[PDB]
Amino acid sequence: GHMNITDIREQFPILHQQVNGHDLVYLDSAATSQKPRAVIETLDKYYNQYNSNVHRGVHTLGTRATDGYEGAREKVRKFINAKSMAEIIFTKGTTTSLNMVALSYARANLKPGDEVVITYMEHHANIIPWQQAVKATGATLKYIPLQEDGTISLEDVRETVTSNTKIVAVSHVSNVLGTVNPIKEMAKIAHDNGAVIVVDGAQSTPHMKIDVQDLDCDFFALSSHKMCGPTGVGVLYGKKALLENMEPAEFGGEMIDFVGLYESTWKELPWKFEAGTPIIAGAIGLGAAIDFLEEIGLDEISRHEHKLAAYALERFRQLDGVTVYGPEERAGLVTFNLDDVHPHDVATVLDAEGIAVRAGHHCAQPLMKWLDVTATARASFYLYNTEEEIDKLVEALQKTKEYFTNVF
């Protein structure tokens, strides 16, 4: 049952090195995660033994590669509990998945008077495609407001969503506040108003179980690179009845059935939405990442991260002059600022002690404006991090504070 962190860290070769003469402390898994040998050796065995293009009815290596690629599609369907492989589309990442929904669903289903509803805590990937789609259609964009601790109340959702709302798009978990939003209840409110709900699951999928039947979301998007898998690949899930009626976002080989000089017809789902040679190795590697995380247990990973987040919030409250943003109940990250030290300089001095964090707006400029700052620092955690690494981070922040005070 209970995960052993020593034995998990032993499977990630990149953790065992020094930076600037200190052991690496990597606390930037919300920007990207590190990979275990089970995934890296999956990519190696594919390119060393059975790489070939994918299709029905070809030679021996081509059949092995096709069985690998469509095998990985079934592992994804089981991992988020979708009803069918026709609802699982491989893309290059969360951002491309949400752009496909805005191009193929929203640009076809919006007209003047219609509304798209989003929230002030959304990442840019779940803001800009909607700004562009309402511009193209003459519709209206509206924002749900936040409570003072950076949570959403269902009363404010009901107030913002109306019978003119056609789409509500919302993060499952914020990559800055750590808030877990009440998606299942928000889906009920959208459906009761006649709208669909589009969920950005880039920060939830790596760190907690997803069940799209229980959430009842109409679309759900995620990225491999945040959940121990290769870069350059992601998924778009959509309910089959909505994908059946959407046109493709891109056109070419593999997604057609018949091509004449002027007109063509498309393949059935899910291939209708996969044009060209697919991301073969990366999707097979994402299937190996899923197998790896399922063998550990997503509920075990969630419980470890609950322990690390509770420990970090307590230890941050021990520091004078430090502000943390967002709620007490949260996922495994802390975004903060020191009084009087710019967050870029915090991240500079921490990297000189071996500690990797990120500073900036975290692709959420409207949220930074809501918080009344121009930038923040963020430490974010995953299954290979430990309480001793959080002690290193809070000791380094104390020394940073004393350093800049001495400078001034």
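Just so we're on the same page, rigid core means the largest C-alpha set that superposes within 1.5 Å between forms. One-based numbering along the sequence shown.
Averaged as a root mean square over residues and superposed structures in 9 other deposited structures of this protein, CA distances to the shown form are larger in 43-51; the pair compared was 43-51 and 339-347 with a core fit.
Here 291-299 and 227-235 are compared by their mean Cα B-factor, and 291-299 comes out higher. Per-stretch averaging of Cα B factors for 346-354 and 32-40 places 346-354 on top. The maximum CA B-factor among the listed residues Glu155, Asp200, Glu274, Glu87, taken from the PDB record, is found at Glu155. Of the candidates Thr137, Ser204, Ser97, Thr335, it is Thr137 whose Cα B-factor is highest according to the PDB record. Ranked by C-alpha B-factor against the other modelled residues of its chain, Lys45 falls in the lowest third. Among the modelled residues of its chain, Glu305 has a C-alpha B-factor that falls in the middle third according to the deposited record. In the deposited entry, the Cα temperature factor of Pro248 sits in the middle third of values across the chain's modelled residues. Among the modelled residues of its chain, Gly178 has a C-alpha B-factor that falls in the middle third, as given in the PDB entry. When the modelled residues of the chain are ordered by C-alpha B-factor, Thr151 sits in the highest third.
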